[PDB]
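Trainee: Sharing structure00.cif here; it has mmCIF, C-alpha atoms.
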```cif
data_final
loop_
_atom_site.label_atom_id
_atom_site.label_comp_id
_atom_site.auth_asym_id
_atom_site.auth_seq_id
_atom_site.Cartn_x
_atom_site.Cartn_y
_atom_site.Cartn_z
CA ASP A 215 9.79 26.42 -13.33
CA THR A 216 7.99 23.09 -14.00
CA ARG A 217 10.33 20.55 -12.38
CA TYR A 218 7.87 17.62 -12.28
CA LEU A 219 5.17 16.23 -14.58
CA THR A 220 2.12 13.97 -14.76
CA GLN A 221 -0.28 12.75 -17.41
CA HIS A 222 -3.65 11.31 -16.57
CA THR A 223 -4.13 8.37 -18.93
CA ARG A 224 -7.24 6.67 -20.38
CA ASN A 225 -9.22 4.08 -18.42
CA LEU A 226 -7.59 0.69 -19.05
CA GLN A 227 -10.00 -2.24 -19.37
CA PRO A 228 -9.57 -5.40 -17.23
CA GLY A 229 -6.54 -7.46 -18.33
CA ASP A 230 -5.12 -4.88 -20.75
CA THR A 231 -1.42 -4.03 -21.05
CA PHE A 232 0.54 -0.75 -21.04
CA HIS A 233 3.97 0.30 -22.38
CA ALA A 234 5.96 3.51 -21.69
CA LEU A 235 9.35 5.05 -22.60
CA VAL A 236 11.31 8.29 -22.07
CA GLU A 237 14.29 9.36 -24.26
CA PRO A 238 16.48 12.51 -23.82
CA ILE A 239 16.05 14.17 -27.26
CA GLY A 240 18.10 17.28 -26.23
CA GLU A 241 21.15 15.53 -24.69
CA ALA A 242 19.73 16.13 -21.16
CA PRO A 243 20.31 14.05 -17.97
CA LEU A 244 18.35 10.82 -17.33
CA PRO A 245 14.87 11.11 -15.66
CA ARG A 246 12.88 8.76 -13.38
CA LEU A 247 9.68 7.42 -14.95
CA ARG A 248 6.79 5.91 -12.93
CA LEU A 249 3.20 4.76 -13.26
CA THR A 250 0.67 5.45 -10.47
CA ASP A 251 -3.12 5.07 -9.93
CA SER A 252 -5.56 8.03 -10.09
CA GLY A 253 -4.65 8.66 -6.42
CA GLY A 254 -1.17 8.39 -4.98
CA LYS A 255 -0.75 4.60 -4.83
CA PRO A 256 1.88 3.62 -7.44
CA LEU A 257 2.08 0.71 -9.89
CA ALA A 258 5.57 0.57 -11.52
CA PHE A 259 9.21 1.58 -12.31
CA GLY A 260 10.53 2.92 -15.62
CA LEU A 261 13.85 1.00 -15.60
CA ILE A 262 17.00 2.27 -17.35
CA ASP A 263 17.41 0.05 -20.45
CA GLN A 264 20.24 -2.22 -21.78
CA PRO A 265 21.63 0.46 -24.20
CA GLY A 266 21.58 2.90 -21.25
CA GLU A 267 19.69 5.91 -22.78
CA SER A 268 15.98 4.82 -22.71
CA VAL A 269 13.56 4.57 -19.74
CA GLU A 270 11.57 1.34 -20.43
CA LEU A 271 8.31 0.76 -18.46
CA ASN A 272 5.64 -1.98 -18.35
CA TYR A 273 2.29 -2.81 -16.54
CA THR A 274 -0.96 -4.79 -17.05
CA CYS A 275 -4.38 -4.11 -15.52
CA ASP A 276 -5.50 -6.52 -12.74
CA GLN A 277 -8.21 -4.43 -10.89
CA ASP A 278 -11.81 -3.89 -12.23
CA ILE A 279 -10.92 -0.59 -13.88
CA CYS A 280 -7.48 0.99 -14.19
CA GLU A 281 -7.28 4.77 -14.51
CA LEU A 282 -3.58 5.59 -14.75
CA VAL A 283 -1.16 8.52 -14.26
CA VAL A 284 2.33 8.50 -15.81
CA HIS A 285 5.01 10.43 -13.84
CA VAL A 286 8.19 12.00 -15.23
CA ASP A 287 10.46 12.92 -12.28
CA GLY A 288 12.77 15.86 -13.01
CA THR A 289 14.46 16.36 -9.64
CA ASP A 290 17.75 14.63 -10.55
CA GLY A 291 18.95 16.81 -13.45
CA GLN A 292 20.75 19.94 -14.67
CA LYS A 293 20.21 22.88 -12.27
CA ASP A 294 17.70 25.38 -13.77
CA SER A 295 17.81 23.52 -17.15
CA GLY A 296 16.19 26.06 -19.50
CA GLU A 297 15.75 23.45 -22.19
CA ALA A 298 15.45 19.78 -21.29
CA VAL A 299 13.45 17.90 -23.80
CA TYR A 300 12.08 14.33 -23.67
CA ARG A 301 10.19 12.03 -26.06
CA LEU A 302 7.45 10.18 -24.15
CA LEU A 303 6.41 7.01 -25.94
CA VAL A 304 3.16 5.60 -24.53
CA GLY A 305 0.84 2.87 -25.80
CA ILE A 306 -1.65 0.16 -24.71
CA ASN A 307 -1.13 -3.17 -26.56
CA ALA A 308 1.87 -3.32 -29.11
CA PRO A 309 5.55 -3.31 -27.88
CA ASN A 310 6.85 -1.08 -30.74
CA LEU A 311 10.02 0.96 -30.06
CA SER A 321 -5.56 5.64 -34.97
CA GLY B 36 -20.31 -18.91 10.26
CA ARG B 37 -19.36 -16.64 13.18
CA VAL B 38 -18.94 -12.87 12.67
CA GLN B 39 -17.53 -10.00 14.84
CA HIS B 40 -17.17 -6.18 14.49
CA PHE B 41 -14.32 -3.90 15.62
CA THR B 42 -13.51 -0.20 15.23
CA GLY B 43 -10.30 1.70 15.93
CA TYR B 44 -7.81 4.44 14.96
CA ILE B 45 -4.37 4.17 13.34
CA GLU B 46 -2.00 6.94 14.49
CA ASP B 47 0.55 7.34 11.63
CA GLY B 48 0.68 3.70 10.58
CA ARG B 49 1.09 1.98 13.97
CA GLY B 50 -1.42 -0.88 13.89
CA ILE B 51 -3.57 -2.71 16.42
CA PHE B 52 -3.25 -6.45 17.23
CA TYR B 53 -6.14 -8.83 17.95
CA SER B 54 -5.68 -12.25 19.69
CA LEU B 55 -7.38 -15.38 18.25
CA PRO B 56 -6.77 -18.19 20.82
CA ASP B 57 -7.08 -21.94 20.10
CA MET B 58 -7.97 -21.78 16.39
CA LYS B 59 -8.51 -25.08 14.55
CA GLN B 60 -6.62 -26.38 11.46
CA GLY B 61 -8.96 -26.14 8.48
CA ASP B 62 -10.80 -23.02 9.76
CA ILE B 63 -11.16 -20.23 7.17
CA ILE B 64 -10.50 -16.68 8.45
CA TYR B 65 -12.15 -13.83 6.55
CA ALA B 66 -11.11 -10.22 7.27
CA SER B 67 -12.53 -6.91 5.90
CA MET B 68 -10.90 -3.56 6.79
CA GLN B 69 -12.60 -0.36 5.55
CA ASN B 70 -11.70 3.29 5.94
CA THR B 71 -14.20 5.21 8.10
CA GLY B 72 -12.35 8.55 8.23
CA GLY B 73 -8.99 10.19 7.49
CA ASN B 74 -6.66 9.18 4.61
CA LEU B 75 -5.75 5.69 6.02
CA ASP B 76 -5.02 3.07 3.36
CA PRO B 77 -5.71 -0.12 5.27
CA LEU B 78 -3.37 -3.10 5.62
CA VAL B 79 -4.55 -6.42 7.02
CA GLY B 80 -2.42 -9.40 8.06
CA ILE B 81 -2.52 -12.68 10.01
CA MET B 82 0.32 -14.14 12.16
CA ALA B 83 0.98 -17.10 14.55
CA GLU B 84 3.01 -15.51 17.40
CA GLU B 85 3.44 -11.78 17.97
CA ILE B 86 6.50 -9.86 16.62
CA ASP B 87 6.25 -6.08 16.03
CA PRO B 88 5.74 -4.98 12.39
CA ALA B 89 6.46 -1.24 13.15
CA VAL B 90 10.24 -1.94 13.29
CA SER B 91 10.35 -3.78 9.89
CA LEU B 92 7.83 -1.42 8.18
CA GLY B 93 9.75 1.57 9.64
CA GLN B 94 12.82 0.41 7.70
CA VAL B 95 10.76 0.39 4.45
CA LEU B 96 9.76 4.07 5.19
CA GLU B 97 13.45 5.03 5.45
CA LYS B 98 14.13 3.88 1.89
CA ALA B 99 13.77 6.84 -0.51
CA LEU B 100 14.10 3.93 -3.00
CA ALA B 101 15.44 3.67 -6.59
CA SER B 102 11.86 4.30 -7.83
CA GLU B 103 8.22 3.00 -7.49
CA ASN B 104 8.38 -0.83 -8.33
CA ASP B 105 11.36 -1.03 -5.94
CA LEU B 106 8.75 -0.27 -3.20
CA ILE B 107 6.38 -3.02 -4.57
CA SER B 108 9.26 -5.51 -4.47
CA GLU B 109 10.39 -4.50 -0.93
CA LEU B 110 6.86 -4.30 0.57
CA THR B 111 5.87 -7.59 -1.15
CA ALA B 112 8.95 -9.37 0.32
CA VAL B 113 8.47 -7.96 3.86
CA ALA B 114 4.68 -8.62 4.06
CA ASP B 115 5.14 -12.23 2.79
CA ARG B 116 7.76 -12.80 5.53
CA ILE B 117 5.99 -11.09 8.46
CA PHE B 118 2.48 -12.52 7.77
CA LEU B 119 1.19 -15.98 6.83
CA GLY B 120 -1.40 -14.07 4.81
CA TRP B 121 -1.98 -10.38 4.05
CA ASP B 122 -4.14 -7.96 2.06
CA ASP B 123 -3.82 -4.35 1.02
CA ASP B 124 -4.41 -0.62 0.94
CA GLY B 125 -7.77 0.54 -0.42
CA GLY B 126 -9.31 -0.28 -3.75
CA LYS B 127 -12.57 -1.68 -5.07
CA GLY B 128 -13.66 -4.24 -2.42
CA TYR B 129 -13.09 -1.33 0.03
CA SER B 130 -9.59 -1.97 1.34
CA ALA B 131 -8.74 -5.34 3.03
CA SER B 132 -10.50 -8.52 1.96
CA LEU B 133 -8.35 -11.48 3.05
CA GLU B 134 -9.20 -15.15 3.05
CA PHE B 135 -6.79 -17.33 5.09
CA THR B 136 -6.96 -21.08 5.71
CA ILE B 137 -5.56 -21.90 9.19
CA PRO B 138 -2.61 -24.35 8.73
CA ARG B 139 -2.45 -25.72 12.34
CA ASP B 140 -3.99 -25.65 15.86
CA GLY B 141 -2.99 -22.76 18.17
CA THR B 142 -3.11 -19.02 18.95
CA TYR B 143 -3.14 -16.59 15.98
CA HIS B 144 -2.96 -12.78 15.68
CA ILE B 145 -4.49 -10.50 13.01
CA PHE B 146 -2.82 -7.09 12.52
CA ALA B 147 -4.82 -4.05 11.44
CA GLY B 148 -2.86 -0.96 10.36
CA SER B 149 -1.34 1.21 7.64
CA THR B 150 0.23 0.19 4.33
CA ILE B 151 2.98 2.33 2.84
CA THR B 152 1.78 4.22 -0.23
CA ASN B 153 2.04 7.49 -2.10
CA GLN B 154 -0.83 10.04 -1.79
CA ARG B 155 0.25 12.88 -4.05
CA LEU B 156 0.88 13.82 -7.70
CA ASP B 157 3.14 16.88 -7.08
CA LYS B 158 6.02 14.62 -5.91
CA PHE B 159 6.57 10.87 -5.21
CA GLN B 160 6.42 10.88 -1.40
CA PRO B 161 5.41 7.47 0.09
CA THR B 162 4.39 7.40 3.79
CA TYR B 163 2.14 5.69 6.32
CA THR B 164 -1.41 7.00 6.56
CA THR B 165 -3.69 7.91 9.46
CA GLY B 166 -7.38 7.39 10.26
CA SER B 167 -10.27 5.37 11.65
CA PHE B 168 -11.59 2.03 10.44
CA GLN B 169 -14.09 -0.76 10.75
CA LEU B 170 -12.83 -4.34 10.84
CA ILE B 171 -15.15 -7.25 10.07
CA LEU B 172 -13.87 -10.68 11.22
CA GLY B 173 -15.35 -13.98 10.01
CA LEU B 174 -14.76 -17.57 11.08
CA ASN B 175 -16.05 -19.91 8.32
CA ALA B 176 -18.27 -17.00 7.14
CA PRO B 177 -17.82 -16.20 3.37
CA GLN B 178 -20.20 -13.15 3.49
CA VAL B 179 -17.40 -11.13 5.21
CA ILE B 180 -15.45 -10.82 1.89
CA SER B 181 -18.74 -9.86 0.17
CA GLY B 182 -18.82 -6.49 1.98
CA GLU B 183 -21.67 -7.45 4.35
CA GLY B 184 -20.90 -7.96 8.04
CA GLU B 185 -23.31 -8.72 10.87
CA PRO B 186 -22.10 -9.86 14.35
CA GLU B 187 -23.14 -13.57 14.31
CA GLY B 188 -22.02 -16.22 17.06
CA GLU B 189 -19.55 -16.73 19.95
CA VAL B 190 -16.58 -14.41 20.71
CA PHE B 191 -13.25 -15.82 19.43
CA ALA B 192 -11.08 -12.66 19.38
CA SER B 193 -10.19 -9.36 21.14
CA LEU B 194 -7.47 -6.66 21.63
CA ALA B 195 -3.90 -7.79 22.36
CA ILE B 199 1.24 -4.25 25.42
CA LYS B 200 4.38 -2.63 23.90
CA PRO B 201 6.03 0.85 24.54
CA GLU B 202 6.32 3.90 22.16
CA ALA B 203 8.38 7.01 23.07
CA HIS B 204 7.55 10.63 22.07
CA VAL B 205 8.73 13.68 24.04
CA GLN B 206 8.92 17.47 23.54
CA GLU B 207 9.39 20.79 25.36
CA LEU B 208 8.58 24.43 24.51
CA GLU B 209 8.65 27.88 26.25
CA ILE B 210 5.38 29.06 27.95
CA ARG B 211 4.78 32.83 28.38
CA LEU B 212 1.97 34.04 30.70
CA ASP B 213 1.79 37.86 31.05
CA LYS B 214 -0.51 40.93 31.58
#
```
Please lay out the structure from this file as C-alpha coordinates.

Mentor:
Amino acid sequence: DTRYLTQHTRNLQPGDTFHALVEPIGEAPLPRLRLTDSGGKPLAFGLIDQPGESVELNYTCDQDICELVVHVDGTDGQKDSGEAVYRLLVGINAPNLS
Amino acid sequence: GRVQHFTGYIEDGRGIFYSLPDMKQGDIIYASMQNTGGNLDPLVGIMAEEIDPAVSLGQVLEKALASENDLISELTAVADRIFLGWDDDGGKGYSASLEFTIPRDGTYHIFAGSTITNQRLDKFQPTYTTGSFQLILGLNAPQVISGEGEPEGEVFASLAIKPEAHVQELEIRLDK
(Lines of atoms letter the chains of each structure in order from A and count residues from 1; the text may use other names and numbers.)
(Lines give C-alpha, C1' and ligand atoms only; values in the text may rest on other atoms or scores of the structure.)
Protein backbone atom coordinates (compact mmCIF):
# COMPACT_ATOMS: atom_id res chain seq x y z
CA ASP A 1 0.00 0.00 0.00
CA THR A 2 2.51 2.64 1.22
CA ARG A 3 5.42 2.21 -1.22
CA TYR A 4 7.19 5.51 -0.44
CA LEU A 5 7.87 7.59 2.68
CA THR A 6 8.87 11.02 3.94
CA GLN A 7 9.56 12.66 7.28
CA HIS A 8 9.52 16.39 7.74
CA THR A 9 12.43 17.18 10.04
CA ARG A 10 13.11 20.02 12.52
CA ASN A 11 14.44 23.41 11.40
CA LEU A 12 18.24 23.16 11.30
CA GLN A 13 20.11 26.27 12.43
CA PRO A 14 22.80 27.89 10.23
CA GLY A 15 25.97 25.76 10.06
CA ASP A 16 24.53 22.71 11.81
CA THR A 17 25.15 19.11 10.72
CA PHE A 18 22.85 16.13 10.04
CA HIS A 19 23.35 12.33 10.01
CA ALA A 20 21.02 9.59 8.69
CA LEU A 21 20.99 5.78 8.28
CA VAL A 22 18.64 3.00 7.13
CA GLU A 23 19.11 -0.72 8.06
CA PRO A 24 16.95 -3.69 6.89
CA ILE A 25 15.85 -5.15 10.27
CA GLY A 26 13.57 -7.79 8.61
CA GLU A 27 16.02 -9.17 5.99
CA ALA A 28 14.36 -7.01 3.27
CA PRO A 29 15.93 -5.60 0.06
CA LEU A 30 18.07 -2.41 0.13
CA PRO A 31 16.27 1.00 -0.09
CA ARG A 32 17.32 4.40 -1.51
CA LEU A 33 17.64 7.13 1.12
CA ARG A 34 17.64 10.88 0.31
CA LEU A 35 17.45 14.29 1.95
CA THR A 36 15.43 17.11 0.33
CA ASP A 37 14.31 20.68 1.26
CA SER A 38 10.74 21.52 2.39
CA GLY A 39 9.87 21.73 -1.34
CA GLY A 40 11.14 19.36 -3.99
CA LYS A 41 14.74 20.57 -4.37
CA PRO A 42 17.04 17.84 -2.97
CA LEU A 43 20.18 18.00 -0.84
CA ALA A 44 21.86 14.53 -0.64
CA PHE A 45 22.38 10.76 -1.26
CA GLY A 46 22.19 7.98 1.33
CA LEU A 47 25.16 5.93 0.02
CA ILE A 48 25.43 2.14 0.47
CA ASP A 49 28.13 1.63 3.15
CA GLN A 50 31.47 -0.31 3.26
CA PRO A 51 29.92 -3.39 5.04
CA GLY A 52 27.17 -3.33 2.38
CA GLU A 53 23.98 -3.44 4.57
CA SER A 54 23.63 0.18 5.88
CA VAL A 55 22.48 3.35 4.04
CA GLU A 56 24.83 6.11 5.36
CA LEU A 57 23.84 9.78 4.76
CA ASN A 58 25.37 13.19 5.60
CA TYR A 59 24.61 16.98 5.17
CA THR A 60 25.34 20.38 6.82
CA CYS A 61 23.21 23.53 6.71
CA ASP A 62 24.54 26.39 4.51
CA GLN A 63 21.33 28.49 3.86
CA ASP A 64 19.76 30.89 6.48
CA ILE A 65 17.33 28.25 7.74
CA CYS A 66 17.19 24.59 6.76
CA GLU A 67 13.85 22.80 7.06
CA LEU A 68 14.48 19.23 5.90
CA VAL A 69 12.59 16.17 4.60
CA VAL A 70 14.14 12.68 4.72
CA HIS A 71 13.00 10.29 1.92
CA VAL A 72 12.96 6.48 2.05
CA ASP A 73 12.44 5.18 -1.52
CA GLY A 74 10.71 1.78 -1.65
CA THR A 75 10.29 1.29 -5.40
CA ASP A 76 13.22 -1.14 -5.83
CA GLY A 77 12.15 -4.00 -3.56
CA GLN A 78 10.14 -7.20 -3.04
CA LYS A 79 6.84 -7.11 -4.99
CA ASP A 80 3.90 -6.48 -2.60
CA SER A 81 6.21 -6.97 0.45
CA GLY A 82 3.69 -7.40 3.28
CA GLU A 83 6.38 -6.89 5.89
CA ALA A 84 9.49 -4.86 5.09
CA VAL A 85 10.91 -3.25 8.13
CA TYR A 86 13.66 -0.61 8.44
CA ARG A 87 15.48 1.11 11.32
CA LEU A 88 15.86 4.82 10.55
CA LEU A 89 18.69 6.37 12.53
CA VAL A 90 18.57 10.18 12.42
CA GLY A 91 20.44 12.82 14.41
CA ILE A 92 21.84 16.40 14.29
CA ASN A 93 25.39 16.66 15.73
CA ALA A 94 27.05 13.30 16.95
CA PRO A 95 28.17 10.58 14.43
CA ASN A 96 27.08 7.61 16.63
CA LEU A 97 26.25 4.32 14.85
CA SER A 98 17.13 14.08 25.37
CA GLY B 1 26.64 51.73 -11.47
CA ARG B 2 24.42 51.00 -14.48
CA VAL B 3 21.19 48.97 -14.09
CA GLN B 4 18.71 47.34 -16.57
CA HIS B 5 15.40 45.40 -16.30
CA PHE B 6 14.15 42.44 -18.37
CA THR B 7 11.12 40.14 -18.24
CA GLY B 8 10.42 36.88 -20.05
CA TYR B 9 8.98 33.34 -20.04
CA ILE B 10 10.75 29.96 -19.83
CA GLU B 11 8.88 27.23 -21.73
CA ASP B 12 9.92 23.93 -20.04
CA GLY B 13 13.48 24.92 -19.20
CA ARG B 14 14.63 26.40 -22.53
CA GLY B 15 16.35 29.66 -21.57
CA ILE B 16 16.83 33.07 -23.14
CA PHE B 17 20.23 34.56 -24.09
CA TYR B 18 21.25 38.23 -23.72
CA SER B 19 24.25 39.79 -25.57
CA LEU B 20 26.75 42.00 -23.67
CA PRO B 21 29.11 43.47 -26.34
CA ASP B 22 32.56 44.99 -25.63
CA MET B 23 32.71 44.43 -21.86
CA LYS B 24 35.85 45.59 -20.03
CA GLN B 25 38.25 43.45 -17.91
CA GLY B 26 37.69 44.34 -14.25
CA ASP B 27 33.94 45.10 -14.69
CA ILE B 28 31.70 43.42 -12.08
CA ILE B 29 28.46 41.87 -13.45
CA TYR B 30 25.57 41.50 -11.00
CA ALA B 31 22.52 39.41 -11.98
CA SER B 32 19.20 38.83 -10.10
CA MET B 33 16.57 36.41 -11.48
CA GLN B 34 13.23 36.16 -9.62
CA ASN B 35 10.15 34.07 -10.24
CA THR B 36 7.12 36.16 -11.26
CA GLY B 37 4.70 33.28 -12.00
CA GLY B 38 4.55 29.52 -12.55
CA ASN B 39 6.80 26.96 -10.78
CA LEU B 40 10.10 28.06 -12.51
CA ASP B 41 13.21 27.58 -10.37
CA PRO B 42 15.56 30.10 -11.95
CA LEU B 43 19.08 29.40 -13.22
CA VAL B 44 21.46 32.22 -14.14
CA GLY B 45 24.79 31.94 -15.97
CA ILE B 46 27.43 34.00 -17.81
CA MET B 47 29.43 32.88 -20.91
CA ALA B 48 31.98 34.31 -23.44
CA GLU B 49 30.78 32.91 -26.81
CA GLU B 50 27.42 31.24 -27.41
CA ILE B 51 27.00 27.42 -27.28
CA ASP B 52 23.54 25.92 -26.55
CA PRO B 53 22.97 24.68 -22.96
CA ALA B 54 19.67 22.83 -23.86
CA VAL B 55 21.66 19.94 -25.43
CA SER B 56 23.96 19.43 -22.36
CA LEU B 57 21.17 20.06 -19.78
CA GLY B 58 18.88 17.72 -21.79
CA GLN B 59 21.39 14.92 -21.17
CA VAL B 60 21.20 15.58 -17.39
CA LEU B 61 17.35 15.22 -17.62
CA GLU B 62 17.76 11.77 -19.23
CA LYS B 63 19.66 10.45 -16.22
CA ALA B 64 17.22 8.76 -13.80
CA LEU B 65 20.43 8.80 -11.67
CA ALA B 66 21.76 6.55 -8.86
CA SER B 67 20.09 8.93 -6.35
CA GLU B 68 19.91 12.66 -5.32
CA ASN B 69 23.62 13.78 -4.69
CA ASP B 70 24.48 12.13 -8.03
CA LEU B 71 22.38 14.97 -9.56
CA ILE B 72 24.27 17.62 -7.46
CA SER B 73 27.57 16.19 -8.69
CA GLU B 74 26.46 16.03 -12.37
CA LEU B 75 24.75 19.46 -12.43
CA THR B 76 27.69 21.04 -10.54
CA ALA B 77 30.18 19.63 -13.10
CA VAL B 78 28.13 20.67 -16.16
CA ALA B 79 27.33 24.23 -14.93
CA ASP B 80 31.01 24.85 -14.01
CA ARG B 81 32.02 23.77 -17.54
CA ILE B 82 29.32 25.58 -19.55
CA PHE B 83 29.47 28.91 -17.62
CA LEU B 84 32.34 31.08 -16.34
CA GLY B 85 29.98 31.83 -13.45
CA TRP B 86 26.53 30.60 -12.45
CA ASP B 87 23.86 30.80 -9.74
CA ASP B 88 20.84 28.74 -8.82
CA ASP B 89 17.22 27.73 -8.45
CA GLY B 90 15.17 29.66 -5.89
CA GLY B 91 15.93 30.18 -2.24
CA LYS B 92 16.25 33.07 0.17
CA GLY B 93 17.75 35.92 -1.93
CA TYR B 94 14.88 35.10 -4.34
CA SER B 95 16.51 32.81 -6.89
CA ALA B 96 19.62 34.01 -8.84
CA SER B 97 22.08 36.41 -7.26
CA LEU B 98 25.39 36.13 -9.15
CA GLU B 99 28.45 38.32 -8.90
CA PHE B 100 30.97 37.83 -11.74
CA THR B 101 34.25 39.68 -12.34
CA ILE B 102 34.92 39.99 -16.10
CA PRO B 103 38.30 38.30 -16.85
CA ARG B 104 39.01 39.93 -20.27
CA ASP B 105 37.79 42.41 -22.95
CA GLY B 106 35.12 41.18 -25.41
CA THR B 107 31.51 40.05 -26.00
CA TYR B 108 29.78 38.10 -23.19
CA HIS B 109 26.40 36.33 -22.90
CA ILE B 110 24.21 35.82 -19.80
CA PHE B 111 21.77 32.87 -19.90
CA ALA B 112 18.44 32.99 -18.08
CA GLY B 113 16.50 29.72 -17.76
CA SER B 114 15.53 26.64 -15.76
CA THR B 115 17.59 24.60 -13.32
CA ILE B 116 16.87 20.89 -12.93
CA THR B 117 15.23 20.12 -9.59
CA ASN B 118 12.64 17.96 -7.89
CA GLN B 119 9.21 19.49 -7.04
CA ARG B 120 7.38 16.67 -5.29
CA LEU B 121 7.36 14.53 -2.13
CA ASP B 122 5.28 11.59 -3.49
CA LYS B 123 8.19 10.43 -5.71
CA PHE B 124 11.71 11.70 -6.64
CA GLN B 125 11.00 13.11 -10.12
CA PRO B 126 13.51 15.83 -11.19
CA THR B 127 12.58 17.98 -14.23
CA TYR B 128 12.91 21.44 -15.76
CA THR B 129 10.37 24.02 -14.62
CA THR B 130 8.22 26.58 -16.42
CA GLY B 131 7.23 30.20 -15.78
CA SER B 132 7.80 33.94 -16.03
CA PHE B 133 10.58 35.99 -14.48
CA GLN B 134 12.18 39.35 -13.88
CA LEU B 135 15.90 39.73 -14.52
CA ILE B 136 17.85 42.61 -12.99
CA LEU B 137 21.27 43.28 -14.61
CA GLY B 138 23.96 45.45 -13.00
CA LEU B 139 27.29 46.74 -14.29
CA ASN B 140 29.43 47.84 -11.30
CA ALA B 141 26.16 48.17 -9.31
CA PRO B 142 26.23 46.20 -5.97
CA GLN B 143 22.55 47.05 -5.12
CA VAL B 144 21.42 44.43 -7.72
CA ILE B 145 22.40 41.52 -5.38
CA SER B 146 20.62 43.37 -2.53
CA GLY B 147 17.20 42.70 -4.10
CA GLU B 148 16.65 46.31 -5.24
CA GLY B 149 16.77 47.11 -8.95
CA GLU B 150 16.11 50.42 -10.68
CA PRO B 151 17.01 51.02 -14.39
CA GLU B 152 20.03 53.37 -14.03
CA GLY B 153 22.41 54.41 -17.06
CA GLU B 154 23.28 53.49 -20.68
CA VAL B 155 22.10 50.28 -22.45
CA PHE B 156 24.82 47.58 -22.56
CA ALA B 157 22.72 44.45 -23.26
CA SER B 158 19.72 42.96 -25.15
CA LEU B 159 18.15 39.74 -26.58
CA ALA B 160 20.36 37.39 -28.63
CA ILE B 161 18.47 32.63 -33.32
CA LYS B 162 18.37 28.79 -33.06
CA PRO B 163 15.68 26.21 -34.20
CA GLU B 164 13.38 23.94 -32.04
CA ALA B 165 11.13 21.25 -33.59
CA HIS B 166 7.68 20.17 -32.27
CA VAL B 167 4.98 18.62 -34.48
CA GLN B 168 1.65 16.77 -34.01
CA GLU B 169 -1.52 15.67 -35.80
CA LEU B 170 -5.01 14.60 -34.63
CA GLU B 171 -8.44 13.76 -36.19
CA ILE B 172 -10.99 16.64 -36.50
CA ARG B 173 -14.73 15.80 -36.60
CA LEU B 174 -17.26 18.50 -37.67
CA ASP B 175 -20.88 17.24 -37.83
CA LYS B 176 -24.61 18.15 -37.40

Trainee: Output, as JSON, the centre and edge lengths in Å (one decimal) of the axis-aligned box that contains all listed atoms of range 270-287 of chain A with 3 Å of margin on each side.

Mentor:
```
{"center_x": -0.1, "center_y": 3.2, "center_z": -15.7, "size_x": 29.4, "size_y": 25.4, "size_z": 15.5}
```

Trainee: Evaluate the PyMOL selection byres ((chain A) within 8 of (chain B)) and record the selected residues as a VMD selection string, following the chain and residue labels used in the document.

Mentor: chain A and resid 218 to 220 246 248 to 249 253 to 259 277 to 278 287

Trainee: Using the chain letters and numbers from this file, what does the PyMOL selection byres ((chain A and resi 226) around 7) select? Give the answer as an MDAnalysis selection string.

Mentor: chainID A and resid 224:225 227:228 230 275 279:281

Trainee: Work out how far apart CA of residue 137 in chain B and CA of residue 150 in chain B are and give it in Å to one decimal.

Mentor: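 Between CA of residue 137 in chain B and CA of residue 150 in chain B the gap works out to 23.3 Å.
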
Trainee: Counting only C-alpha atoms, find the residues whose atoms lie at most 8 Å from (9.4, 5.9, -23.9) (file coordinates) and write them out as a list in words.

Mentor: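 The requested residues, written out, are residues 233, 234, 235, 236, 237, 268, 269, 270, 271, 301, 302, 303, 304 and 311 of chain A.
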
Trainee: Just how far from CA of residue 250 in chain A is CA of residue 215 in chain A, in Å to one decimal?

Mentor: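 CA of residue 215 in chain A sits 23.0 Å away from CA of residue 250 in chain A.
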
Trainee: If I put a ball of radius 12 Å at (-3.9, -11.5, 13.8) in the file's coordinates, which residues poke into it when counting all atoms listed in the file, written as a ChimeraX atom specification?

Mentor: /B:50-56,58,64-66,78-88,117-121,133,135,137,142-148,170,172,191-195

Trainee: Enter the distance from CA of residue 89 in chain B to CA of residue 43 in chain B, in Å, rounded to one decimal.

Mentor: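 About the pair CA of residue 89 in chain B and CA of residue 43 in chain B: they are 17.2 Å apart.
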
Trainee: Which residues would end up in the selection if the PyMOL selection byres ((chain B and resi 189) around 9) were applied here, given that I need the answer as an mmCIF file with C-alpha atoms, in the coordinates of the input?

Mentor:
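The file below, selection-v8.cif, is the result:
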```
data_model
loop_
_atom_site.group_PDB
_atom_site.id
_atom_site.type_symbol
_atom_site.label_atom_id
_atom_site.label_comp_id
_atom_site.auth_asym_id
_atom_site.auth_seq_id
_atom_site.Cartn_x
_atom_site.Cartn_y
_atom_site.Cartn_z
ATOM 1 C CA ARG B 37 -19.360 -16.640 13.180
ATOM 2 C CA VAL B 38 -18.940 -12.870 12.670
ATOM 3 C CA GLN B 39 -17.530 -10.000 14.840
ATOM 4 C CA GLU B 187 -23.140 -13.570 14.310
ATOM 5 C CA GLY B 188 -22.020 -16.220 17.060
ATOM 6 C CA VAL B 190 -16.580 -14.410 20.710
ATOM 7 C CA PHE B 191 -13.250 -15.820 19.430
#
```

Trainee: Of the residues A:282, A:308, A:274, A:247, which is the one nearest to residue 229 in chain A, using all atoms listed in the file?

Mentor: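 Between A:282, A:308, A:274, A:247, the residue approaching residue 229 in chain A most closely is A:274.
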
Trainee: List as a PDB file with C-alpha atoms, in the frame of the given file the protein and nucleic acid residues near residue 244 in chain A, meaning an atom at most 8 Å away when all atoms listed in the file are counted, but skip any in the same chain fewer than 4 places from it.

Mentor:
```pdb
ATOM      1  CA  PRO A 238      16.480  12.510 -23.820  1.00  0.00           C
ATOM      2  CA  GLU A 267      19.690   5.910 -22.780  1.00  0.00           C
ATOM      3  CA  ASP A 290      17.750  14.630 -10.550  1.00  0.00           C
ATOM      4  CA  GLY A 291      18.950  16.810 -13.450  1.00  0.00           C
TER       5      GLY A 291
END
```

Trainee: Counting all atoms listed in the file, what is within 12 Å of residue 46 in chain B, bar same-chain residues fewer than 5 positions away, as a list in words?

Mentor: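 These residues fall inside the cut-off: residues 51, 73, 74, 75, 89, 147, 148, 149, 163, 164, 165, 166, 167, 168 and 202 of chain B.
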